[PDB]
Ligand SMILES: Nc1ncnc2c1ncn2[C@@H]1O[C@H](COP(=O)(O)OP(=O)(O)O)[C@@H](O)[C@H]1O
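Quick heads-up: it's one chain on its own, the form solved without the named molecule, in structure tokens.
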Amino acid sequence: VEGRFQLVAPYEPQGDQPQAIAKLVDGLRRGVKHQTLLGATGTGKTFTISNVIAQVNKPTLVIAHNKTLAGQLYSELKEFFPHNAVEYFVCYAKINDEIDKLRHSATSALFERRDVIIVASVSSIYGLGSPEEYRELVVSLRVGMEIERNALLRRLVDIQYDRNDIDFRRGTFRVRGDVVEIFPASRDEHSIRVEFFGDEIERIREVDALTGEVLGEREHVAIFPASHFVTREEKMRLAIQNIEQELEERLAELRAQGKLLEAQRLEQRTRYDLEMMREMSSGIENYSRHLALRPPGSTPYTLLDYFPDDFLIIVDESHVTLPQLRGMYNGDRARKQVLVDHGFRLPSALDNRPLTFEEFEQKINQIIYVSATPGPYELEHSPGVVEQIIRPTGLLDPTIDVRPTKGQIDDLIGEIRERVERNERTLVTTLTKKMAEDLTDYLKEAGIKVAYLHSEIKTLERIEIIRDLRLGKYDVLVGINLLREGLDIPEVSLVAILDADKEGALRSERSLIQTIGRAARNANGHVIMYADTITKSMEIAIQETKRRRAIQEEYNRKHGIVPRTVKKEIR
């Protein structure tokens, strides 16, 4: 590889992926800042993007709008680039430990090699100190280097590695006479064995700690700090002093106001935190601004800042991701402020925050937004769109009937019964938790095996219910707004949309396309809208569905593609 991406896949680009790839790549090479990939559900957008990443060879940040999508994209990208550094940067016993490790693998990789793709959630790009410091404080070790064992040990301690001769673990180092064995914070199962002859480095080896294999000799190795908030001792002392002076003034302020409970609470928690500013703390991010000695109101350091300046950003499901990004500042600021009011945190804790949307914009080099339904921001900043409509599988956008509200529930049930005999599944979407609840009984009353999906349901149980649906424990799934982007269930032939004309965010153009899209994974995919009116949003959804289907049907007969329902392994 040598710092270049190698896209590995069992197939090549198909349908209209080639032109999509070509346009985006061209756009990047001409210095176009914002671009948008208008890719229909099931056109392999991640593969399209991977080809794009592979050709331009920039360090890439992939931003998902939740952990589930981040996880999937991470595992997909790992398969696509098995010889490159695909990393995973999400927020927070051993599950916590694994996340800390993966975060460290991600940041250190940005300073080890160019061929790096990091998948992060939009909420998880924080919790970091200066990248300049992170790099500057590396312990760089070379063979031949004049250095004492005890001095190397001291330098490792200063960057937060613990001596631990008994345990064999991440973020520690072992000592046996002349051999020091370092486990980087970024590795669970790999260590660096450093061998001294007198006060000189005779040999450096990479070791597989699980298998015990010695993997090779190194002339040079780089050990990165075991925390992202490490600073030099002088800077650290001054941080401590600033924190102490701030605490004094706020404690006096709170007491002057007769908020003695709050003052007590603040003093107690802060002192406790300061206790471990000698010993090792948790929640240290709250002091980030003082630790960096930076001005009040300063933009925080983020994952974006660890990337080089010529990096690439991919925003997955951009229409949801960007508004989530936009609203985080005000949301976080308001929660933190009440914590400051009740004396849980110092006022400087407000500087431990997400970026404003404007700050995010300042940090962009080049960006590609990815959505089947791009938001207005994406369209306004991108010069038109790179459209991608033809599926390598041949599958077509579904057919749509509009049917009236009268006896709709009886109509739906009969329609569903036909699917069960065809061994096919159905998805239904109502407006409210109430109606969904009623409807799910109606169906249980009529003997239909059905499950109900709503916000109260939890990740692990959601997963279970999707799985059971695919397995055939259920034939129908009912929900409100969770039968949407991300949902990939090829056994679904029917998507029912109740109150399809009852306008709002739930029945917007954008939402209709997304919900319709759940029918685009089956060769017999069909959508029924239960409405007495054809609304404008409805009008546009149906027309766009029709337009795509027509183009795809022509394409399919020009090239002799047979729409095949993608068999997808059940996990």
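The first residue of the sequence shown is number 1, and the count goes up from there.
One more form of this protein exists, namely the form solved in complex with the named molecule; it is left out here, but the text below deals with it.
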Although the partner isn't part of this model, could you tell me whether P347 comes within 4.5 Å of the named molecule in the deposited complex, counting any heavy atom of the residue? no
Does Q14 reach the named molecule in the deposited complex if we count a contact as any heavy atom within 4.5 Å? yes
Using a 4.5 Å heavy atom cut-off, state whether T545 contacts the named molecule in the deposited complex. no
Contact test in the deposited complex: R521 vs the named molecule, heavy atoms, 4.5 Å: yes
Tell me which of 23-31, 41-49, 533-541, 57-65 has residues with heavy atoms within 4.5 angstroms of the named molecule in the deposited complex? 41-49
Answer option from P131, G375, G71, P392, heavy atom within 4.5 Å of the named molecule in the deposited complex: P392
